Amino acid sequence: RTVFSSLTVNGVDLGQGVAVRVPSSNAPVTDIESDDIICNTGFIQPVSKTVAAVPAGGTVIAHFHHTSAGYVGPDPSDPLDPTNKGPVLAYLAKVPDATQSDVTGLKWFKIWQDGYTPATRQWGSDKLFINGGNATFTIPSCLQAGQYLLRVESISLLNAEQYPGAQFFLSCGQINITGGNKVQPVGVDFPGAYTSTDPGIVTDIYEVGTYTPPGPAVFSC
């Protein structure tokens, strides 16, 4: 179990819970057809009304930790339980207002992921563990400036040999992309992008040879 609960933007740490809708617990989302798949559920109130300014091309860290509290000292399951092999993914969706409560009907484009490297037997979850929960990626430099949600997700495939079984740990950050250009990428629906037939979601980690994370191809400029 893990929770995304804070951001760093071009090396500036914004603070615990700032600009993130933090779920109350590290319990997983398990239903890919639920609206909970979009941004999780049961947010800590009052939800942050900070919308982080991030230049297009900027480096963001989405910070995962074992619990909703963030860093609370040594913990062998922080940032995640390293037995829980699986991918890490990040998506953006353009939104009218990054503080708006309704997150349905948005169009999500993937900007980064890390799946599995067969030759090293290393998962994205392993890299996220090594890096202290710091899921680090750049915002595409060509994007249309304005308000976006930043959906960052750790999937545990430990029990994913059937569906349901995959455990989805995710939150949405609230950002305002500055600078940039005029690209408005094609996105996918949540729910909808993930299905029970996706081998990225139904996988036996002790039978894995090759692996492809679920959802669309990564967008690039």
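Throughout, we count residues from 1 along the sequence that is shown.
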Comparing 12 to 20 with 199 to 207, the higher average Cα temperature factor in the PDB entry belongs to 199 to 207
Once average C-alpha B-factors are taken from the entry for 98 to 106 and 84 to 92, the winner is 98 to 106
Checking the entry, which one of 67, 154, 184, 40 has the top C-alpha B factor? 184
Among 128, 111, 149, 72 - the residue whose C-alpha B-factor is largest in the record: 72
Which third of the chain holds residue 122 when residues are ordered by C-alpha B factor: lowest, middle or highest? lowest
Going by the entry, which third of its chain does the Cα temperature factor of residue 45 land in? highest
Consider only the C-alpha atoms of the modelled residues in this chain, order them by B-factor as the entry records it, and name the third containing residue 57: lowest, middle or highest. middle
Would you mind ranking residue 174 by its C-alpha B-factor against the rest of the chain and naming the third, lowest, middle or highest? middle
Residue 77 - which third its CA temperature factor falls in, relative to the rest of the chain: lowest
